[PDB]
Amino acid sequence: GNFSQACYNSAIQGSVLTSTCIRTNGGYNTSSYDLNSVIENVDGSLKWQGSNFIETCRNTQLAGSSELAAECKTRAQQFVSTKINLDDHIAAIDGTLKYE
């Protein structure tokens, strides 16, 4: 992961991370990644190893340079605040965001 070490100007909109990432040989590339493919809402907590969190979470934002923050529903249908460190698994490879 550790995309924040290779990328700047990051943003979250919905479930999409956008960032400007350095290419292997010099310049930069504007990249995006749909985190809904790799993050699950498990009883109100954002977790890796699943998908589809955006269906039951709201108010997604980037906190700091690499944390996704949101408000997600528990199984009992109550919203709680939750965060996950995207640097755990999101990398930049030759300027493109990828899940590792």
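Start at 1 and count along the sequence shown; that's the residue number.
ask   = Averaging C-alpha B-factors over each stretch, which comes out higher, 51-59 or 24-32?
value = According to the entry, 24-32 carries the higher average C-alpha B-factor.
task = Select one of 84, 80, 92, 17: the residue whose C-alpha shows the highest B-factor in the crystal structure entry.
result = Spelled out: the listed residue with the top C-alpha B-factor is 92.
query = C-alpha B factor of residue 8, ranked within the chain: lowest, middle or highest third?
reply = Its C-alpha B-factor, which the entry lists for residue 8, ranks in the middle third among residues of this chain.
task = Looking at the entry's B-factor column for C-alpha atoms only, identify whether residue 65 ranks in the lowest, middle or highest third of its chain.
result = Top third by C-alpha B-factor.
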